[PDB]
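Structure first, commentary second.
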Amino acid sequence: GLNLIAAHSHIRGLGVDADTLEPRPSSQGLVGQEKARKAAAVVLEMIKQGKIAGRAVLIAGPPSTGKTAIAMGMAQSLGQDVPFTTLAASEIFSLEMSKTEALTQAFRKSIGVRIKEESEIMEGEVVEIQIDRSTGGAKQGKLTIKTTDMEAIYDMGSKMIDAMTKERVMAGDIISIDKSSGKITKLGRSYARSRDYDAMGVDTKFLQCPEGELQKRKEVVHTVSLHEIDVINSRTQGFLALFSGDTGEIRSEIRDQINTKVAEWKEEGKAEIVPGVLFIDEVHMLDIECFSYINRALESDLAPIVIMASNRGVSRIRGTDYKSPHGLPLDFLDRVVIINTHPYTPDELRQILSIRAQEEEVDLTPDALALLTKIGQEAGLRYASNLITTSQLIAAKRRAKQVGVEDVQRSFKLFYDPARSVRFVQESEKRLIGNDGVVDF
Amino acid sequence: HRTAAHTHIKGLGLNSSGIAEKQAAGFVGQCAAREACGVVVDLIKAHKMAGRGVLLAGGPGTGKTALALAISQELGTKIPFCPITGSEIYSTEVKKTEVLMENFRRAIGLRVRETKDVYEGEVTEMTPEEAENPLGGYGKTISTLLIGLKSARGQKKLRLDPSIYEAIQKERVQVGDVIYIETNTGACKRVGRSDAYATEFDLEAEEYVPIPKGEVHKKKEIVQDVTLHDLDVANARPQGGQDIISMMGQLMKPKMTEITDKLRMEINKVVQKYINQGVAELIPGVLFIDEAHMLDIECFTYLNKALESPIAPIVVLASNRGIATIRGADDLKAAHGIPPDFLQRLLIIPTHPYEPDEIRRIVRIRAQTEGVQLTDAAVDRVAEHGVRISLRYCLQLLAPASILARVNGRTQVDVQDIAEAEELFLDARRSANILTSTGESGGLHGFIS
Amino acid sequence: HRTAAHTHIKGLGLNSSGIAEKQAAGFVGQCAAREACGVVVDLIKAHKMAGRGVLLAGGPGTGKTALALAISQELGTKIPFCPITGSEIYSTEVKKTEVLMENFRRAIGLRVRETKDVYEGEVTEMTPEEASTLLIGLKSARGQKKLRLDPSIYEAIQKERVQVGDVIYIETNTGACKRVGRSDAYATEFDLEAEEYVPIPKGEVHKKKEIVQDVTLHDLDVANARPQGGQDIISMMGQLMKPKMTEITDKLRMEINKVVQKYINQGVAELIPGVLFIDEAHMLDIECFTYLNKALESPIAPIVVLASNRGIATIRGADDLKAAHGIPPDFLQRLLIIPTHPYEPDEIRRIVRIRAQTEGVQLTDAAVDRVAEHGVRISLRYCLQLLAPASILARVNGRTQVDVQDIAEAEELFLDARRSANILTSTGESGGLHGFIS
Amino acid sequence: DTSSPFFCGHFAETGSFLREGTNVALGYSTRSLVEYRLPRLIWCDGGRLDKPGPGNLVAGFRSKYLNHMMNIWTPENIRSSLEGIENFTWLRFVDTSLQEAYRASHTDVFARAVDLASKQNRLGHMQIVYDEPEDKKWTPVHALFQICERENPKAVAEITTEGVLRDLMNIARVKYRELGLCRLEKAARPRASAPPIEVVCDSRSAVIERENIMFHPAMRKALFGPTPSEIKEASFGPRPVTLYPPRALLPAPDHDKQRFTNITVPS
Ligand SMILES: Nc1ncnc2c1ncn2[C@@H]1O[C@H](COP(=O)(O)OP(=O)(O)O)[C@@H](O)[C@H]1O
Ligand SMILES: Nc1ncnc2c1ncn2[C@@H]1O[C@H](COP(=O)(O)OP(=O)(O)O)[C@@H](O)[C@H]1O
Ligand SMILES: Nc1ncnc2c1ncn2[C@@H]1O[C@H](COP(=O)(O)OP(=O)(O)O)[C@@H](O)[C@H]1O
């Protein structure tokens, strides 16, 4: 259920030590890359510090050398505390709004405000409800509830009886009367009144009575970004915009006033600022109009740390015509700090394929693993990592248990690696449409 | 009952051991593509898939989309299959990555049980009961009702909110109208005058239905097939309930909007809450992007993050291009139009051209599919045109050659009818030859160059 | 207190006679540019300015925007300062010669002094006097107090749900009211009512405080064009009815100048002319240097500090002319151009020391020379971005101060752009399976 | 076999049939399973730039001195600029007043449409009555610049004996009715419905703001019509009195069998 095995469902953190920053070679999924993972550990430990601006670290390297892997490791090694925001750099070129403002919203989404305030809630099974609607109305009524320990009677206001017939609280429900507002979230049904429920399904879950006292205070901790507050303070009822994207050009005085009130909340001790992480995946897909704004959005106090990944070598910059390293302008490459990765040695290829095999729970003979490492030496990680999933199913065709050489050699036979596909294009020129000609036999 | 271009295809025609047997269930030959498509189909029907790339290479006229209809008829009806093109996503309301994600979440299905709570009655006494209304401009407001519903076995006399009264009021429910109040939204569709007030001397053309039998407070469970994009559109533009946002939001014109990341994650958590209650079943599907070389580089950049998701359907790309230039940046050439970075995700399936006997078998299958019977010399003539000219040109010389046959009182198509239809209806190559030869100079009897 | 790229900039660091002094207020060297920016700050404070343009030359790595943040902290919080990049002028809802005027109208400031008379307290009675005027007794923890209400502020109380003993917050001047909650003396009337039970305030009932507060003229333009915020409830649809930026015509601005000059002649408000800092002015194309050449000639226009780092480049939007700085010579004659020269090797060490004692990272004198070596041989933006990671490599290995070894490790963990270009070209030689894709 | 589209929200299930016998009360319990949890500092206290509570000390000053003092639509700030080349020169000639413009430049598009809903048109009738060659095309001087309001072929068309031009001005409705696109059964429908997303903020002020914006009874009154008690006190009085919904401003639904819902009845 919504945990289908993706291409990065085996990474459970960055995997490095947190005491001497040593990249131990096989832990939490990330296996083999040493120097880049130590530099990512240093960057990760200066994100959680908070006493640095929005800086820019560029994960440069060849294709399929573990850059999104390092980014997903840093995403998993923070939890749901410091806001990590992914950004493939083609979500910016929108039509609902401009392009620089679409970039500004992605900067504002990664600066959380974390505030902690209390509520007063009530657990418990309702023993019975009596409502004096006799022509009468919702005027007075009695509510007898209990936990395993407590038991109590309350009298109800009119704007609570109008909330009891709103949720239809029965005799046996497990409700949570939030006292400061009045909403009722029925946590379930009590088991002991299983006879007393007729208009339910045949298969219906039942809980037990809540344990402990019946009137307790919760210290809930909320964390919302500055883009949240910007979209909330933009219309009459405007938070729906951040669930439907219908926000437009937000005027800059609203963002300036919210940048003032967050500082006034911090100095009064009512709030706390958490700088997040913004991962601009495929940063070479930005034109120079983006870099002339990222060069100045990484200057203010309220700026998240930007981590970004580039594949291209000496390539052209979009918008302009002149080439540059990594597809980035040089006045912006002065800002960034570059981590270079390396291709993988064959034993590291073998154990990455071993981790990808143990993630999908596919049994492999060591001869088939040697053949698969031999394929991955010549066709990359993605092809062999797909041959695993293909070979399990081909072994399941003929009712086998373990995959072998006779199934990896079928998966290598049917599904071409891209080198043989380029050879197929080069040796089938006259029928494939190059630019002009179609020849039919 | 219309023979389209793809009607004889009824599946891949595979054995029990997954080996493609040629000339079975519509196809002719094409072994190494249909076995790989069978592997893709059993990859779909095993649910260990969270984004896999399957490319269908091969020149035009070799059956790339015949394999796609074979897959879509091999999976079944109850598995989602979204076929699009590469030119369809260039919209004018939203960015094209929004159209990509809307197709990705069209290609994921969900089967949910629901328990509707209808109040199915005949309205007996309808009387409003307004509340106090001091000086605030708008004046009085109706706040409480006493609507009495009367079913066949046991009546009921119930009390309503203002909003459910407005749901009644925008339906024009008089005394005598049977309704059923849907207490999930609040909606209430009038069905008609009850048959106790029936009169044949009538003019309103009302639909007289009898009193609904059973209890007035029914409760019924149904099964629904809802994709995740349906939930995205439902939570994006609200059209359920009886408030003002969900009522003035169905009078406006509907616009495709940009459903953001937060709604697409919150609906994922809501669906996981459905699955943990033992109610809904998830069934992922296929996004078939035909003509993938029309996508520019800003789409192959975003397909990486669209496939890195923990829930993502399998993508089947079709691209009939050789070494070509990518649409986005015109300075890097690559195979198929696919960029050289995105191409490594793909499990590339080739597709090879045909043979002078496989063309004869395809012509025979297409002739017995459309309903045109003919002689073997005519089959050899059409196969000769298939070898010389094209594959999907010689198939189209069967539809005039039937009609001309019916001109000459015949039933079967002989050599003369195809020898006349090859002269009335021309191909592209001889038309370009006539174009180059006759169109020597521009002028009165020339062509605009 | 978190470190940005310009935390150590406090001011220009000038004398009393307007002469810059070396290593003052965060700057190191850069004499003539700080003297010229001091003259610019005095011109802004002199109020004899209706549109002046100031361009800042000098390449990347030099201190152009440090001068701008020095000006912004030299003026103070009073005079408005609007920093915008060039690329922000492009929208999909308005033309790009209107976002410039929106920035000009965000630059000018209008200061109003108010004496807000706030009323916190519990309602004692709700007595309609005439048959109209309704008295309200506001009980505090120091004493109740009668209060006569207008018959229009009572229709703002009454829209809020205030009945008997709700504590309220009446603004006397602006007539703004908020229901804080139900008082805790009436808490246990019933037993499960749903209100926010708050205690009675243990202060005055009549708190008199004064507030100085600014309004930009663009907020006047928006608030006079379209209804904003308060009664704009149809904006919850979103599609066509949202507050889309609209083309504010010249007639509306020409009348708002009349109204603001009317409220200045009564001595109510004060006028303060601001600064518009347009950074990276090459992104401004030729369809905006035409409109600036008109819009700076208004008698109301603020000073514009432009920043540009390019040499003889191509003006955007018109590819068949080259000009210095990316600025057309039709417009370049208006500007006062200030140079910004590079840094000597004996003026980089002091920047390293100031940037080190800003972040708290203390280090020995044998490592300051190595960071200055990387500052001379590579760049200035790169050498200052090794003081913060190396400290992370200092407290992990059981140390407190940064030695030579941590920076020798950080130069290998954190490669710059130049050595990455050398690895990208020479080491990444063949374009194949394990090569870069140019 | 009746049916309905799928519903995404969170209603309240009825417990049993044998408990709530005869006199029961339905409650509008429709809420969205998609929630959005805000604290009581941002949604209530001082996070909104419009709510004029303490801590948000700007929002009272800014409201008054941008909507009522330094405003170019207040009648004092129009009365000084109405005498020549100045900006509200034209206001004398459009059929408005100072109070008309001041109400038109502060309400919504909605409330301004409700104010248009109780204005009887008369400049179309001038072309019917005052239509002589001797009469030299008389227009009132306080409605002089409303030229397109005055010369309109529709007003002359609605008076003629043969309806040869009334059968051309709304032929779209006649073609839409004669094709049977109102009696045709609705083939398609959305596969899921949902209530709008609400804020789970746990103050009483949040519930008050939700039931005053999301419901907002002034628009409901102006949309659905007047109370029958209001109709009785307006139709049994001694003098004619007006109504704030002068008629039910609900638009007529253009599909007769299935109006404003998605519920499907078999047939
Ligand atoms: N250190 C590693 N440990 C485990 N798996 C890895 C590692 N590096 C790369 N991979 C695998 O290799 C594949 C390619 O990595 P990815 O970062 O997506 O390539 P790219 O950098 O081109 O995006 C990923 O699916 C990932 O699972
Ligand atoms: N193996 C096959 N068996 C029968 N018909 C085929 C086969 N391959 C291709 N065709 C025919 O070729 C025609 C066009 O095929 P199509 O898939 O549209 O070509 P493309 O791959 O260029 O899209 C179809 O009408 C189909 O009937
Ligand atoms: N006089 C100075 N004293 C200290 N630091 C300086 C000085 N001049 C420049 N800097 C440094 O230069 C960096 C800013 O460069 P910047 O002016 O933004 O270049 P550009 O304007 O070309 O983008 C800051 O990190 C700042 O520390």
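Residues in the structure tokens are named by chain (A, B, ... in the order shown) and by number from 1 within that chain; ligands are numbered from 1 in the order shown.
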Find the residues near ligand 1. Use a cut-off of 7 Å, count only C-alpha atoms and all ligand atoms, and write them as number ranges by chain. A: 7-8, 11, 29-33, 62-70, 352, 381-382
Q.
With only C-alpha atoms considered, list every residue of chain D at most 7 Å from chain B, as a ChimeraX atom specification.
A. /D:6,11,22-28,30,33-34,191-196,214-215,218,221,227,230,244,261,263
Saved selection, atoms kept: N, CA and C atoms, as a compact mmCIF listing (two decimals), in the first residue's frame:
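The resulting file, result.txt, is shown below:
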# COMPACT_ATOMS: atom_id res chain seq x y z
N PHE D 6 -18.55 9.04 -6.17
CA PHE D 6 -17.77 8.79 -4.96
C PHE D 6 -17.58 10.07 -4.17
N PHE D 11 -17.96 12.24 6.72
CA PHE D 11 -19.27 12.49 7.27
C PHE D 11 -19.37 11.82 8.64
N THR D 22 -38.27 8.71 15.87
CA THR D 22 -39.13 9.57 15.06
C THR D 22 -38.59 10.98 14.90
N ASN D 23 -38.30 11.67 16.00
CA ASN D 23 -37.93 13.08 15.95
C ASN D 23 -36.41 13.16 16.01
N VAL D 24 -35.78 13.21 14.83
CA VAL D 24 -34.33 13.25 14.71
C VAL D 24 -33.97 14.56 14.02
N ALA D 25 -32.70 14.95 14.12
CA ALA D 25 -32.21 16.18 13.52
C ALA D 25 -30.96 15.88 12.71
N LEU D 26 -31.01 16.16 11.41
CA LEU D 26 -29.82 16.00 10.58
C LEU D 26 -28.82 17.12 10.84
N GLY D 27 -27.55 16.75 10.85
CA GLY D 27 -26.47 17.70 11.06
C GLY D 27 -25.55 17.72 9.86
N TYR D 28 -25.16 18.92 9.44
CA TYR D 28 -24.24 19.07 8.32
C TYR D 28 -22.84 18.72 8.82
N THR D 30 -20.36 17.31 6.98
CA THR D 30 -19.44 17.10 5.87
C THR D 30 -18.14 17.86 6.11
N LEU D 33 -11.36 15.05 4.48
CA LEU D 33 -10.28 14.24 5.04
C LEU D 33 -8.93 14.92 4.87
N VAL D 34 -8.77 15.71 3.81
CA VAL D 34 -7.61 16.59 3.71
C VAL D 34 -7.78 17.71 4.73
N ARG D 191 -15.95 11.67 -11.11
CA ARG D 191 -15.81 10.41 -10.39
C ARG D 191 -15.57 10.58 -8.91
N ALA D 192 -15.38 11.81 -8.43
CA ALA D 192 -15.20 12.05 -7.01
C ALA D 192 -15.59 13.48 -6.70
N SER D 193 -16.24 13.66 -5.56
CA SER D 193 -16.58 14.98 -5.05
C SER D 193 -15.93 15.16 -3.69
N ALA D 194 -15.82 16.41 -3.25
CA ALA D 194 -15.13 16.70 -2.01
C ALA D 194 -15.57 18.06 -1.50
N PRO D 195 -15.67 18.23 -0.19
CA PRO D 195 -15.87 19.56 0.37
C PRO D 195 -14.58 20.36 0.32
N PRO D 196 -14.64 21.68 0.46
CA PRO D 196 -13.39 22.46 0.46
C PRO D 196 -12.59 22.23 1.72
N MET D 214 -16.99 30.88 4.94
CA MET D 214 -17.34 29.73 4.11
C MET D 214 -18.84 29.62 3.91
N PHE D 215 -19.63 30.09 4.86
CA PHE D 215 -21.08 30.14 4.71
C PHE D 215 -21.58 31.54 4.39
N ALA D 218 -25.06 36.56 4.34
CA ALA D 218 -25.52 37.65 3.48
C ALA D 218 -25.56 37.21 2.02
N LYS D 221 -28.49 34.76 1.62
CA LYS D 221 -29.74 35.50 1.55
C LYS D 221 -29.90 36.18 0.20
N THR D 227 -37.10 35.24 3.19
CA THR D 227 -37.85 34.39 4.10
C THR D 227 -39.35 34.62 3.90
N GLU D 230 -40.59 37.36 5.91
CA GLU D 230 -40.30 38.65 5.29
C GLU D 230 -41.28 38.96 4.17
N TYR D 244 -34.22 42.93 0.20
CA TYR D 244 -32.79 42.96 -0.11
C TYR D 244 -32.40 41.87 -1.12
N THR D 261 -26.69 19.14 -9.07
CA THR D 261 -26.24 17.98 -8.33
C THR D 261 -25.48 17.05 -9.27
N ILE D 263 -26.36 13.52 -8.58
CA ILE D 263 -27.07 12.31 -8.21
C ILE D 263 -27.82 11.77 -9.43
Notebook entry, point to check: Given the choices B:332, B:349, B:209, B:49, which gets closest to chain C if the distance is worked out from only C-alpha atoms?
Noted result: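 The closest residue to chain C is B:332.
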Counting only C-alpha atoms and all ligand atoms, give me one row per residue of chain A with an atom at most 12 Å from an atom of ligand 3, showing the shortest contact pair and its distance in Å to one decimal, sorted by chain then residue number, as a Markdown table.
| residue | atom | partner | partner_atom_place_in_ligand_line | distance |
| --- | --- | --- | --- | --- |
| A:53 | CA | ligand 3 | 25 (O) | 11.1 |
| A:55 | CA | ligand 3 | 25 (O) | 11.2 |
| A:291 | CA | ligand 3 | 23 (O) | 11.5 |
| A:292 | CA | ligand 3 | 23 (O) | 9.6 |
| A:293 | CA | ligand 3 | 23 (O) | 10.9 |
| A:294 | CA | ligand 3 | 23 (O) | 10.9 |
| A:295 | CA | ligand 3 | 23 (O) | 7.2 |
| A:296 | CA | ligand 3 | 23 (O) | 7.7 |
| A:297 | CA | ligand 3 | 18 (O) | 11.1 |
| A:298 | CA | ligand 3 | 18 (O) | 10.0 |
| A:299 | CA | ligand 3 | 18 (O) | 8.1 |
| A:300 | CA | ligand 3 | 18 (O) | 11.3 |
| A:330 | CA | ligand 3 | 22 (O) | 11.3 |
| A:331 | CA | ligand 3 | 22 (O) | 7.7 |
| A:332 | CA | ligand 3 | 23 (O) | 8.9 |
| A:333 | CA | ligand 3 | 23 (O) | 11.5 |
| A:334 | CA | ligand 3 | 23 (O) | 9.4 |
| A:335 | CA | ligand 3 | 23 (O) | 9.0 |
- prompt: Neighbours of residue C:15 within 10 Å (only C-alpha atoms; same-chain residues fewer than 6 positions away dropped), as a ChimeraX atom specification?
  reply: /C:21,24,35
Kindly save the residues from that selection, with C-alpha atoms included, as a tab-separated table (two decimals), in the first residue's frame.
chain	number	residue	atom	x	y	z
C	21	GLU	CA	39.34	55.16	6.79
C	24	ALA	CA	36.40	50.51	9.53
C	35	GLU	CA	33.59	58.02	-0.11
Show me which residues are within 8 Å of ligand 2 counting only C-alpha atoms and all ligand atoms, and format the list as a PyMOL selection string. chain B and resi 5-9+26-30+58-67+320+362+365-366+391-392+395
* Backbone-only DSSP, strand (DSSP E) members of stretch 191-424 of chain A, as a VMD selection string -> chain A and resid 216 to 225 273 to 275 277 to 281 305 to 310 314 to 316 323 to 325 337 to 340
Next item on the list: Rank C:154, C:277, C:90, C:104 by their smallest atom-to-atom distance to chain B, using only C-alpha atoms, and report the top residue only.
Entry: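 Closest residue, counting only C-alpha atoms: C:154.
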#### Entry: Nearest to residue B:256, chosen from A:140, A:9, A:428, A:244, with only C-alpha atoms counted in the distances
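Nearest to residue B:256: A:244.
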* Asked: Excluding same-chain residues fewer than 5 positions from stretch 400-406 of chain B, what lies within 10 Å of it counting only C-alpha atoms, as number ranges by chain?
  -> B: 371-374, 411-422, 424-425
Compute the chain C side of the contact with chain A at 6 Å, counting only C-alpha atoms, and hand it back as a VMD selection string. chain C and resid 2 to 5 87 91 to 92 190 to 196 233 235 to 236 396 413 to 416 435 to 438
Keeping N, CA and C atoms, export the residues of the selection given above as a short mmCIF file (atom, residue, chain, number, x, y, z; two decimals), in the first residue's frame.
data_model
loop_
_atom_site.label_atom_id
_atom_site.label_comp_id
_atom_site.auth_asym_id
_atom_site.auth_seq_id
_atom_site.Cartn_x
_atom_site.Cartn_y
_atom_site.Cartn_z
N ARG C 2 22.22 34.92 13.00
CA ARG C 2 22.77 33.93 12.08
C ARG C 2 23.55 34.64 10.98
N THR C 3 24.62 33.99 10.53
CA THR C 3 25.57 34.62 9.62
C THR C 3 25.06 34.57 8.19
N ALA C 4 25.01 35.72 7.54
CA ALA C 4 24.78 35.81 6.11
C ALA C 4 26.08 36.18 5.41
N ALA C 5 26.00 36.42 4.10
CA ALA C 5 27.19 36.84 3.37
C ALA C 5 27.57 38.29 3.65
N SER C 87 15.82 40.59 -12.93
CA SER C 87 14.96 39.51 -13.42
C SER C 87 13.58 39.51 -12.78
N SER C 91 6.78 39.62 -15.56
CA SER C 91 5.61 38.97 -15.02
C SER C 91 4.80 38.36 -16.15
N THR C 92 3.71 37.69 -15.79
CA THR C 92 2.76 37.14 -16.75
C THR C 92 1.37 37.73 -16.57
N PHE C 190 -22.09 26.66 32.39
CA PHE C 190 -22.34 25.29 32.02
C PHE C 190 -21.04 24.52 32.22
N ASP C 191 -21.00 23.27 31.78
CA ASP C 191 -19.85 22.43 32.08
C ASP C 191 -19.06 21.98 30.86
N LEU C 192 -19.69 21.89 29.69
CA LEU C 192 -19.00 21.66 28.42
C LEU C 192 -19.40 22.68 27.38
N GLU C 193 -19.37 23.96 27.73
CA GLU C 193 -19.38 24.97 26.68
C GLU C 193 -18.04 24.95 25.94
N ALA C 194 -18.05 25.51 24.74
CA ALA C 194 -16.88 25.55 23.88
C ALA C 194 -16.55 27.01 23.57
N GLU C 195 -15.79 27.64 24.46
CA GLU C 195 -15.19 28.94 24.20
C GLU C 195 -13.74 28.91 24.67
N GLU C 196 -13.04 30.01 24.44
CA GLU C 196 -11.66 30.16 24.88
C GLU C 196 -11.66 30.98 26.17
N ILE C 233 -14.60 39.31 -0.25
CA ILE C 233 -14.87 37.91 0.08
C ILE C 233 -15.07 37.05 -1.17
N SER C 235 -13.01 36.82 -3.51
CA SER C 235 -11.70 36.33 -3.93
C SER C 235 -11.43 34.89 -3.53
N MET C 236 -12.31 34.24 -2.78
CA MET C 236 -12.10 32.85 -2.40
C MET C 236 -12.39 31.88 -3.53
N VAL C 396 34.77 18.21 15.52
CA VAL C 396 34.58 16.76 15.44
C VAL C 396 35.85 16.02 15.82
N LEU C 413 37.91 18.07 0.21
CA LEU C 413 36.51 17.72 0.31
C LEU C 413 35.61 18.67 -0.47
N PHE C 414 36.05 19.91 -0.66
CA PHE C 414 35.22 20.97 -1.23
C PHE C 414 35.97 21.65 -2.37
N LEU C 415 35.85 21.11 -3.57
CA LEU C 415 36.55 21.66 -4.73
C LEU C 415 35.82 22.88 -5.27
N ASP C 416 36.61 23.83 -5.78
CA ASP C 416 36.10 25.06 -6.38
C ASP C 416 35.61 24.84 -7.80
N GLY C 435 31.19 8.92 -18.84
CA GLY C 435 31.69 10.25 -19.10
C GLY C 435 30.61 11.30 -19.01
N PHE C 436 31.01 12.56 -18.94
CA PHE C 436 30.05 13.65 -18.90
C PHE C 436 29.41 13.84 -20.27
N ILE C 437 28.20 14.39 -20.28
CA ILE C 437 27.46 14.55 -21.52
C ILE C 437 27.36 16.03 -21.91
N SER C 438 28.30 16.48 -22.72
CA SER C 438 28.33 17.87 -23.16
C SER C 438 27.24 18.14 -24.20
#
- Task: For atom CA of residue C:326 and atom CA of residue C:287, quote the distance in Å rounded to one decimal.
- Result: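 Computed distance, atom CA of residue C:326 to atom CA of residue C:287, equals 13.1 Å.
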### Query
Tell me, which residues of stretch 13-213 of chain D carry DSSP helix (DSSP H, G or I), written as a ChimeraX atom specification?
/D:41-45,58-67,75-79,89-92,98-104,110-116,123-129,141-143,153-157,171-178,204-213
Enumerate, in order of chain and increasing residue number, the residues of chain D with an atom no farther than 6 Å from chain C, each with its shortest atom pair and distance in Å to one decimal, counting only C-alpha atoms, as JSON lines.
{"residue": "D:53", "atom": "CA", "partner": "C:178", "partner_atom": "CA", "distance": 6.0}
{"residue": "D:60", "atom": "CA", "partner": "C:174", "partner_atom": "CA", "distance": 5.6}
{"residue": "D:64", "atom": "CA", "partner": "C:174", "partner_atom": "CA", "distance": 5.8}
{"residue": "D:71", "atom": "CA", "partner": "C:224", "partner_atom": "CA", "distance": 5.9}
{"residue": "D:106", "atom": "CA", "partner": "C:227", "partner_atom": "CA", "distance": 5.6}
{"residue": "D:108", "atom": "CA", "partner": "C:232", "partner_atom": "CA", "distance": 5.4}
{"residue": "D:204", "atom": "CA", "partner": "C:195", "partner_atom": "CA", "distance": 5.7}
